Amino acid sequence: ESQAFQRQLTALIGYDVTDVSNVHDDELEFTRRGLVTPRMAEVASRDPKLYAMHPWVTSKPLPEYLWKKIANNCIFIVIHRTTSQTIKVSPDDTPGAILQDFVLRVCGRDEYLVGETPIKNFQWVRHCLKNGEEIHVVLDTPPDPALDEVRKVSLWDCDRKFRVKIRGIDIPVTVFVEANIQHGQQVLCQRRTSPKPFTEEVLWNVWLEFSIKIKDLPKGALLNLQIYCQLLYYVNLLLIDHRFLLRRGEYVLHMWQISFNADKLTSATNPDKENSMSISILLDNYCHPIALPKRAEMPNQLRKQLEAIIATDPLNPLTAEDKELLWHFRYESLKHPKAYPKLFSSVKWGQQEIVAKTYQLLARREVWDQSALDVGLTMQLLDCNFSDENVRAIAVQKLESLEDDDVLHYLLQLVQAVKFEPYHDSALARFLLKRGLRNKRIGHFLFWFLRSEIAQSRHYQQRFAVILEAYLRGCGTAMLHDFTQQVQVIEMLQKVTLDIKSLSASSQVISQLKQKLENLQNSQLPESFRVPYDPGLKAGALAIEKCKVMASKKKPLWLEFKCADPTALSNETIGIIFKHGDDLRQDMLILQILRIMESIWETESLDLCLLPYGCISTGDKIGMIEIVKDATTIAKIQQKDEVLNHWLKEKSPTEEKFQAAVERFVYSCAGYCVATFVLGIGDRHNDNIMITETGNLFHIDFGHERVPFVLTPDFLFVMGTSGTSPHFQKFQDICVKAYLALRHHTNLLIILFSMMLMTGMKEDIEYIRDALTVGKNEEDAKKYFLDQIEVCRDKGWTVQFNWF
Ligand SMILES: COc1ccc(Nc2ncc3c(n2)n([C@H]2CC[C@H](O)CC2)c(=O)n3C)c(C)c1
């Protein structure tokens with residue numbers, strides 16, 4: 001009766017937040033009640049009308065390539081009733097002015113054209129102009145906001161050295177315990193136990209005294225415990241808790257098993273108590289509670305040394321000379337905004353006096369607050385290397401400036417950045433909540449980004465579940481209903497995917513698939529649901545006739561659905577692929593960097609025609625993918641030079657379209673050539689590369705003799721070259737222009753890649769350093785990328801054959 005709402009959330013989240021079996025403290029519960037106020041703050045402040053209609057707008061300028069589509073400075077928009085009427089409108093006109101009570105909704109979508117923004121600033125308009133599609137809208141009644149209703153003694157006095165006694169270990173299946181006092185990634189001090197023979201139970205009952213004092217312990221200090229037989233098991237314990245108190249008492253911590261990573265810094269313990277290793281520890285308990293409280297100019301040559309350090313990439317290491325120089329001239333380093341990540345690495349966190357000096361420094365935020373928002377720099381202070389709550393907070397405040405559109409660009413990476421946070425109720429977690437509760441699109445993707453990690457990562461499911469419950473308790477009854485219609489479908493369809501995969505090592509499989517879905521369609525399944533990757537799109541009834549099982553090494557479910565919106569322009573079905581086997585969380589990350597790459601090029605007035613298809617990971621190596629209409633594989637066309645160009649002319653009806661297809665190929669090919677090379681996912685097979693009948697080429701399957709990228713003689717013949725051509729010159733020109741544009745955002749791409757490698761996947765990250773050629777000049781870099789084209793031209797088909 002009363003607890004029916006919590007059980008409703010538990011089914012949506014995929015984890016029971018009310019469960020307190022895998023906890024040793026009230027951390028998750030304190031953060032649950034602490035997340036009430038920021039949720040209430042956004043629910044009360046948000047506009048009912050604007051939130052219900054969720055307008056997707058951008059304050060960014062209109063691109064140079066998109067102005068070419070608007071003739072005589074007036075675009076055409078058609079308003080529907082049975083009857084339609086075309087209206088010529090200026091790009092600077094507001095929807096109300098075109099309206100001359102009634103809303104302008106997109107035909108066949110849940111996207112609305114409202115607010116004090118011009119038509120050129122609407123994301124749907126910029127999309128229609130790109131693909132060369134007519135802007136079709138319908139005079140609708142505004143959606144009711146009532147559908148979105150919401151249901152309702154000092155530590156610095158302790159001069160004694162820190163110690164912790166390791167009682168023993170226990171496993172049902174030579175060894176020693178490695179104790180570490182960690183702050184981020186840096187180890188303050190290390191102490192190891194005597195090596196005793198490895199058995200079922202190994203007791204020590206000995207105190208491990210550290211060099212660090214109680215006074216010198218910082219906020220967010222971790223007690224890293226490691227088992228070496230070499231490394232086998234790991235576990236962590238936050239020494240200074242969420243209530244600013246030094247931990248006390250007996251603890252039995254279940255350790256995570258191995259075989260660097262975001263999964264190592266986790267405060268959460270192993271839920272598998274009947275199969276994992278455990279550790280018994282005791283912390284010095286006291287009667288009184290121990291709580292934690294709250295110039296001259298640089299010379300010419302030394303300034304040249306300091307400015308050189310700030311100028312280097314985020315991966316370049318800081319020596320003792322570098323760290324001491326940055327800390328001594330911290331006030332001059334404070335003047336430079338790019339110096340902040342390198343400066344906050346130069347500070348001794350295991351020293352009470354030094355940490356206090358970092359706080360009085362940070363107080364003079366006069367230059368940081370006034371500085372231009374650098375997302376690369378902002379994200380830099382949110383990684384594994386930064387664990388001070390106050391240092392991480394100065395980055396989160398800069399993210400507040402970021403508009404809704406740009407929040408969507410980095411939403412996935414910001415969600416993964418929570419893994420690097422020492423405590424649960426953090427500024428970043430509170431930020432993701434507020435931005436998710438303000439905008440329906442941000443909140444929708446937030447739900448799926450959180451639900452993806454909960455379903456797989458047991459290391460962070462407890463943390464992400466309390467963030468999802470906090471979002472879910474303010475998204476409104478309308479979204480809560482939609483999220484259930486989505487969950488019910490994705491869960492029922494995940495069952496069929498794993499069932500069909502188990503039945504295959506044909507006529508039998510396709511007849512059994514059509515059997516399994518038919519009885520599901522005429523049962524408890526919803527009549528309509530929202531597409532997790534395209535929330536504007538709404539899929540209805542299953543097209544059982546068009547449903548099939550794909551023929552590959554894995555057995556995915558090719559599913560087709562009729563559109564729920566009857567105001568849709570075409571009767572075209574929605575295609576969704578349910579695939580098990582590959583890690584879709586990796587595909588999710590690469591596709592996001594690809595979307596960022598498109599925005600990076602947009603600011604530089606470039607359009608490299610990338611196709612970043614929809615992909616949402618739902619469970620254990622299982623999720624959904626977008627079916628790209630009128631698109632096939634390169635290997636499918638082969639099942640050698642003329643073969644690809646002939647397919648383009650065959651699928652082209654008029655010469656007007658084939659001359660457009662060759663241009664659509666030149667941009668899309670060069671775009672994926674640059675993108676895949678930078679991220680180190682360029683040496684791929686024809687089966688993992690696709691092309692549309694419109695000429696748009698795109699890379700697929702990012703589930704983890706050599707060549708930098710794919711530029712085979714079948715593609716070069718489309719351009720008209722054999723081992724120059726007017727199209728090939730256009731290709732190399734845009735290849736240089738696109739590569740040069742990404743080098744202007746090196747630190748962004750370095751920090752995006754570094755995070756991806758830690759949350760999704762040391763020497764491996766070092767790849768982008770050479771790929772984006774750090775240290776070299778713009779003219780020197782031009783020759784490097786042109787030489788990579790020459791490697792592809794010399795190799796040709798040699799690499800493609802080698803893939804067995
Ligand atoms: C994460 O990888 C994926 C999976 C499916 C799609 N969508 C998709 N739409 C239409 C397709 C298609 N795939 N394929 C594949 C099947 C998988 C195989 O590996 C390659 C060929 C086709 O033959 N047609 C006609 C994408 C864009 C990426």
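Yes/no matrix, rows are residues, columns are (1) within 31 Å of the chain's Cα centre (by Cα); (2) loosely packed, with under 13 Cβ neighbours inside 10 Å; (3) β-branched (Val, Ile, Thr); (4) outside any loop (DSSP other than H, G, I, E, B):
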{"residue": "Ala268", "(1), (2), (3), (4)": "yes, no, no, no"}
{"residue": "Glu274", "(1), (2), (3), (4)": "no, yes, no, no"}
{"residue": "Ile279", "(1), (2), (3), (4)": "no, no, yes, yes"}
{"residue": "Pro289", "(1), (2), (3), (4)": "no, yes, no, no"}
{"residue": "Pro293", "(1), (2), (3), (4)": "no, yes, no, no"}
{"residue": "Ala296", "(1), (2), (3), (4)": "no, yes, no, no"}
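Just to be sure before I move on: is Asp425 assigned to a loop (DSSP other than H, G, I, E, B) and charged (D, E, K, R) in the structure I sent? Please lay out each step first, then the result.
Details: assigned to a loop (DSSP other than H, G, I, E, B): yes; charged (D, E, K, R): yes.
So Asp425 fits the description; yes.
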It is to be established whether one or more residues within the range 398-410 are in a loop (DSSP other than H, G, I, E, B), surrounded by fewer than 20 Cβ atoms within 10 Å (Cβ to Cβ) and touching a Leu at 6+ places or on another chain (Cβ under 6 Å). yes
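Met624: within 12 Å of the ligand (Cβ to nearest atom), among the aliphatic types (A, V, I, L, M) and either outside the structural domain of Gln416 (by CATH) or in a loop (DSSP other than H, G, I, E, B) (or both), yes or no? Steps first, answer last, please.
Values: within 12 Å of the ligand (Cβ to nearest atom): yes; among the aliphatic types (A, V, I, L, M): yes; either outside the structural domain of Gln416 (by CATH) or in a loop (DSSP other than H, G, I, E, B) (or both): yes.
Spelling it out, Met624 is indeed within 12 Å of the ligand (Cβ to nearest atom), among the aliphatic types (A, V, I, L, M) and either outside the structural domain of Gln416 (by CATH) or in a loop (DSSP other than H, G, I, E, B) (or both).
Just give me the residues in the range 554-609 being in a loop (DSSP other than H, G, I, E, B), touching a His at 6+ places or on another chain (Cβ under 9 Å) and within 12 Å of the ligand (Cβ to nearest atom), in sequence order.
Within the range 554-609, the first condition is being in a loop (DSSP other than H, G, I, E, B), and the residues that meet it are 554-556, 564-573, 581-583, 604-609.
Next cut, touching a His at 6+ places or on another chain (Cβ under 9 Å) only: 554-556, 567, 569, 582-583, 604.
Within the range 554-609, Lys554, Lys555, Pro556, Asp582, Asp583 meet the criteria.
Quick check on my filter: what residues within the range 517-533 are out of contact with any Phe, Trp or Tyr (no Cβ under 6 Å at 6 or more places or on another chain) and buried (at least 16 other Cβ atoms within 10 Å of the Cβ)? Outline the logic, then answer.
Initially, the range 517-533 is screened for residues out of contact with any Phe, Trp or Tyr (no Cβ under 6 Å at 6 or more places or on another chain), giving 517-531, 533.
Across the range 517-533, the qualifying residues are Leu517, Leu520, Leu525, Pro526, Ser528, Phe529, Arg530, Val531, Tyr533.
Do any strands (runs of 3 or more DSSP E) lying entirely in the range 96-179 carry at least 1 residues that are closer than 30 Å to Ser278 by Cα, and which ones are they? Working first, answer last.
Details: elements: 103-106, 135-140, 161-170.
Of the strands (runs of 3 or more DSSP E) lying wholly inside the range 96-179, those with at least 1 residues that are closer than 30 Å to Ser278 by Cα span 161-170.
Only one of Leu253, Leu306 is crowded, with 17+ Cβ neighbours inside 10 Å, in a strand (DSSP E or B) and touching a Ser or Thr at 6+ places or on another chain (Cβ under 8 Å). Can you tell me which? Step through it out loud before you land on a result.
Values: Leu306 fails: in a strand (DSSP E or B).
Result of the check over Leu253, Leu306: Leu253.
Looking at the range 535-549, is at least one residue outside any helix (DSSP H, G or I), out of contact with any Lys or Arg (no Cβ under 9 Å at 6 or more places or on another chain) and surrounded by 15 or more Cβ atoms within 10 Å (Cβ to Cβ)? First the steps, then the outcome.
Kept after step one, since they are outside any helix (DSSP H, G or I), are these residues of the range 535-549: 535-549.
Of the ones still in play, those that are also out of contact with any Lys or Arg (no Cβ under 9 Å at 6 or more places or on another chain) are 546.
When the remaining residues are screened for being surrounded by 15 or more Cβ atoms within 10 Å (Cβ to Cβ), the result is none.
There is no residue in the range 535-549 that is outside any helix (DSSP H, G or I), out of contact with any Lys or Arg (no Cβ under 9 Å at 6 or more places or on another chain) and surrounded by 15 or more Cβ atoms within 10 Å (Cβ to Cβ).
So if I check each of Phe658, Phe665, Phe709, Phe717, which one is assigned to a loop (DSSP other than H, G, I, E, B) and more than 30 Å from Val487 (Cα to Cα)? Spell out how you get there, then give the answer.
Working: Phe658 fails: assigned to a loop (DSSP other than H, G, I, E, B); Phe665 fails: assigned to a loop (DSSP other than H, G, I, E, B); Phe717 fails: assigned to a loop (DSSP other than H, G, I, E, B).
Criteria check complete, one pass: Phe709.
Going through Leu611, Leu697, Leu679, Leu711 one at a time, which residue ends up being outside the structural domain of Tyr739 (by CATH) and crowded, with 16+ Cβ neighbours inside 10 Å? If you could, list the steps in order and put the result at the bottom.
Numbers: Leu697 fails: outside the structural domain of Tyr739 (by CATH); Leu679 fails: outside the structural domain of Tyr739 (by CATH); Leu711 fails: outside the structural domain of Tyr739 (by CATH).
Answer to the check: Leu611.
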Per the filter on the range 721-757, residues among the aromatic types (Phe, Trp, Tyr) and either surrounded by fewer than 21 Cβ atoms within 10 Å (Cβ to Cβ) or part of a loop (DSSP other than H, G, I, E, B) (or both) are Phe728
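Taking the condition of being more than 9 Å from the ligand (Cβ to nearest atom) and either within 30 Å of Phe561 (Cβ to Cβ) or of a type outside the set (A, V, I, L, M, F, W, C) (or both), how many residues in the range 631-647 meet it? Break it down into steps so the answer makes sense when it comes.
To start, the set of residues in the range 631-647 that are more than 9 Å from the ligand (Cβ to nearest atom) comprises 634, 637-647.
Pick out the ones that are also either within 30 Å of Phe561 (Cβ to Cβ) or of a type outside the set (A, V, I, L, M, F, W, C) (or both) and you get 634, 637-642, 645-647.
The qualifying residues number 10.
Numbers and lists here come from the model and the stated rules, or from a named source; none is laboratory data. We place every Cβ from the backbone using ideal geometry, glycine too, and count neighbours over all the protein chains shown.
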